[PDB]
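Right, one structure below, let's go through it.
Numbering of ligands and ligand atoms starts at 1, following listing order. In this chain, residues are counted from 1 in sequence order.
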Amino acid sequence: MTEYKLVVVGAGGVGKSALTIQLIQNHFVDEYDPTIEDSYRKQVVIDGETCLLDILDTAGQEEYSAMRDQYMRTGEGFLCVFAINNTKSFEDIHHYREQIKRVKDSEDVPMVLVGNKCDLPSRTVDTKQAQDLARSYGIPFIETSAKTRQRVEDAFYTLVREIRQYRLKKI
Ligand SMILES: Nc1nc2c(ncn2[C@@H]2O[C@H](COP(=O)(O)OP(=O)(O)O)[C@@H](O)[C@H]2O)c(=O)[nH]1
Ligand SMILES: [Mg+2]
């Protein structure tokens, strides 16, 4: 059984919790329910490999979190989430990426860019704008909807695949 420690980062309100809960529980949390920062473990088969995913869904970024500091230090791959109807959250992506590189003191960290809420007609971030940002970082870009269950597994499984390739190349 292969472990992958994943960290979901990005601005408040973009759907990090909704994406993680959809993946873990196949449920969509009610729109107005309290979010909480928490970690989740789930055994899953990914490309025929039996995997243990250890996922931290981050929150409360303006106060100390011992768990978040541990997962940022030790996390193996990062899902950088913005919402496609929220330009500020997309324009925040470079700060989240910079935080990750600083903690890892590395320019080469497994990451996937995720544009969530692709079920909303009020899009303000064009798919091609985000694809270009991801291309400039050298990482995959995936558009998701936690609500209509579009590409949720693809987003997380793609990050696992990025970690697997990182490991294979370094050896
Ligand atoms: N329409 C839609 N709303 C979403 C989606 N994902 C999250 N939300 C809503 O967006 C708000 C923020 O979601 P949340 O998971 O709490 O975001 P976090 O703060 O990034 O964890 C909540 O009201 C969610 O119900 C999605 O894919 N589509
Ligand atoms: Mg949350």
Ignoring hydrogens and geometry beyond distance, is a side-chain donor-acceptor pair present between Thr144 and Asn116 at under 3.5 Å?
yes
Can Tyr32 be said to touch ligand 1, with heavy atoms closer than 4.0 Å?
no
Checking side-chain polar atoms at under 3.5 Å, does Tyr64 have a donor or acceptor matched by the opposite partner on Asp69?
yes
Would one find an N or O of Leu120, backbone or side chain, under 3.5 Å from an N or O of ligand 1?
no
Hey, is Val81 touching ligand 1 through its side chain, its backbone, both or neither, going by heavy atoms under 4.0 Å?
neither
Atom OG1 in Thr58, atom CG in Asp38: separation rounded to 0.5 Å?
12.0 Å
Under 2.8 Å from the Mg ion (ligand 2), is there an N/O/S atom belonging to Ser17?
yes
Judging by distance only, is a nitrogen or oxygen of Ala18 under 3.5 angstrom from one on ligand 1?
yes
Check this for me: does any side-chain nitrogen of one of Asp54 and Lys42 sit under 4.0 Å from a carboxylate oxygen of the other?
no
Run the contact test for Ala59 against ligand 1 with a 4.0 Å cut-off on heavy atoms, strictly below, and give the result.
no
Ignoring hydrogens, just give me the one of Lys16, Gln22, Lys117, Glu143 whose non-hydrogen atom is nearest atom 9 (C) of ligand 1.
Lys117
Answer with side chain, backbone, both or neither: which part of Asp30 has a heavy atom less than 4.0 angstrom from an atom of ligand 1?
neither
State plainly whether the residues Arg68 and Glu37 are in salt-bridge range, i.e. N to O under 4.0 Å.
yes
Counting both backbone and side chain atoms, is some N or O of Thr144 under 3.5 Å from an N or O of ligand 1?
no
Judged by modelled atom types alone, do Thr127 and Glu143 share a side-chain donor-acceptor pair under 3.5 Å?
yes
I'd like to know if the side chain of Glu162 pairs up with that of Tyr157 as donor and acceptor (distance under 3.5 Å, no hydrogens or angles considered).
no
